Structure formats: C-alpha cells, structure tokens
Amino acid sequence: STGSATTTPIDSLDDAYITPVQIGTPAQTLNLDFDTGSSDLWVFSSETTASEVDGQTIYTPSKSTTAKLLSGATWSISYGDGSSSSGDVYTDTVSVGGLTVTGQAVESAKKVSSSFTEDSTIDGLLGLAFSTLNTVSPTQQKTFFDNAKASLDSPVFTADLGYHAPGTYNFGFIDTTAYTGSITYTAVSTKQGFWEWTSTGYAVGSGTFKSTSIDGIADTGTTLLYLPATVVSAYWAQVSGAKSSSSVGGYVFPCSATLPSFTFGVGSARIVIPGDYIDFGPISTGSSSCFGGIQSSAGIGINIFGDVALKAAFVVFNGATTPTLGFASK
C-alpha cells in the first residue's frame, strides 16, 4: 500500500506546513502538522477546554463509529519552544492520502498551551520520530508510520517541502520524477528517538567548503536551521550589518541586504540552501530589521535541520531495520 498527501504552508513565511488527515468513521478531516521531531498524534477535540480553542477544527470521537476510549491512558508533552499539550487517548481509524491505519492511537487535547490556541490553522500534530518518544502512559503507543509500516510497499516516507508553495508527503514509495540526480543516503542514530545524522561540513555563499562533523536531527516540525555558534557566526559575518540581538532572540539583519546561500554536506554530496530561504522578513510590521533563518543551537543542546534546510531538498526517511536518511537536490 502507499499514500500521498499535499502539504501547504500555513502563512507567507513558511512557519509551518499542514496536511489534511482523515480521522474516524465517517471521516473527520483535520489539518495536522507532520512532525519528524516528535512521536505523538494529538488533535484538538470536543474535550478541549473551550477557552483554549480559537478557530481550530476539532475531532469529535462521539460522532465516530470506530472510536474507542483507551481506558486509563493519558499523555502529556512539552516541545522545544515551551509549548505543551496533554489529555486522554482514543483509538480510531486514521487515513493519510489514501493510506489507512486501523486502531491508531489518537491523543485528544484536554489542555493546550497559548501558542497552539493562537495558531488557528493547525488542528494538531502527527509525530513521525521513533515510537520510543511517545508520551502515552502507562502503555506507550506507536506512531502512524510504525503502525502503517507492515502494509507499505517500502518502509519509507519522503518529505518534499515547498518554498512558499505546497509540497508532498509520500508514504511507501520514492517518486523518481520529484528530484534531480542521485539520492545520497547517510546513517541514522536512533539512540535519542530522533532521525539523528551527521552532516559532513558547510560552506557560506561561494566560500570554500569546511569539512567538519555536525551531528543534528531532521525535524520537519521546526521552522529554522539551528547550528553551532561557530558556524552561525561565520555565516552572519558575511552579511553587512547583521548582528545577534538580545531583544529579538537571535540574529537579525538589515532588510535591504542580500543573503548568501548556505551549503551543508551529506556524505560526499552538497545541498545548497538559496539565500532567499534564509529571509524570514521584518521582525515587526514596518520594521527595516529582518529575522534570520539560521540561528545558534547553543541554548537548545541539539543541532536542528528544520524546514529551512529540508525544503531545499528531496528527503527520504528510510525506516528499514537499519534506518537511513536520503538527500537529493531538486
């Protein structure tokens, strides 16, 4: 079996991407943020504190004939950005792009933090990291990808994210017409529950490539690219007037500047992020100070290849027994 779904940026900055997901019988269609950095499938629901819902589509398990309460199970999650959600758990049928999993754990939200309530375009998260990070207690649950693995033609999904444009998530097959050239595969460590890999270096603009190992995670759920302080300082040194700002929380640059590209290594291959992808626009409406897409990982503890890097490539997440990550230009 296979599945295929279009993913669409939520705003003009590509802050996140949403993908329609069918849940329940008859289908209730919610727009979920596919997140390779977490492993919980949770949704706004009819059990959400009414005051914490502002425009989201809610899942209503009482209107679904296949929903079953997973008795006693609860879940609680906090994300890197300080956002949080928790609640109880149903099982139900979940289909993504024609691909169906029966008995999927669907985590319903009793409480969500302020950032989730404020974002009315995101009805929930669909986690695609390894199931060992799933927060359901006392019985940890499987991700959609893990439950669908048995029925897939190939145990892979691919992320083809668009730059200010829609893109595609595919399950169970690799589209040969979606990328140029050959895919370079690199080893993944599952030690921490993430799609964790090691980049082989970087280059700023048309500068020379610096061979150096950068351990990081492939995270479709994080907007920006977060790299070690030395690398990020070398990039922003090339932009006239760029500076790190305490007030804003990261590097900013004069909006009138042109940004150089940024290259990262995947084995012997190179992925080039166009400078336009690194421009996240004015820090406030009307400001002449613009926010940068490459920021320091120093205060995070982990390097993150987020949407800024991933949207420059065709990315294969290979969930074979020995997992690997594939990168191709496009």
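Start at 1 with the first residue shown and count on from there.
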Looking at the entry, does 79 to 87 or 254 to 262 show the higher mean C-alpha B-factor?
-> 79 to 87
Out of 64 to 72 and 289 to 297, which one has CA B-factors that are higher on average in the deposited record?
-> 64 to 72
Name the residue from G162, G97, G181, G124 with the greatest C-alpha temperature factor listed in the entry.
-> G181
Check the PDB entry and point out which of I302, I271, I278, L30 has the largest C-alpha temperature factor.
-> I302
Could you say whether, by C-alpha temperature factor, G55 belongs to the lowest, middle or highest third of its chain?
-> highest
Would you please rank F171 by its C-alpha temperature factor against the other modelled residues of its chain and give the third it falls in: lowest, middle or highest?
-> lowest
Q192 CA temperature factor, ranked by third within the chain = highest
Which third, lowest, middle or highest, does the CA B-factor of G37 fall in along this chain?
-> lowest
Ranked C-alpha temperature factor of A229 among modelled chain residues, by third | lowest
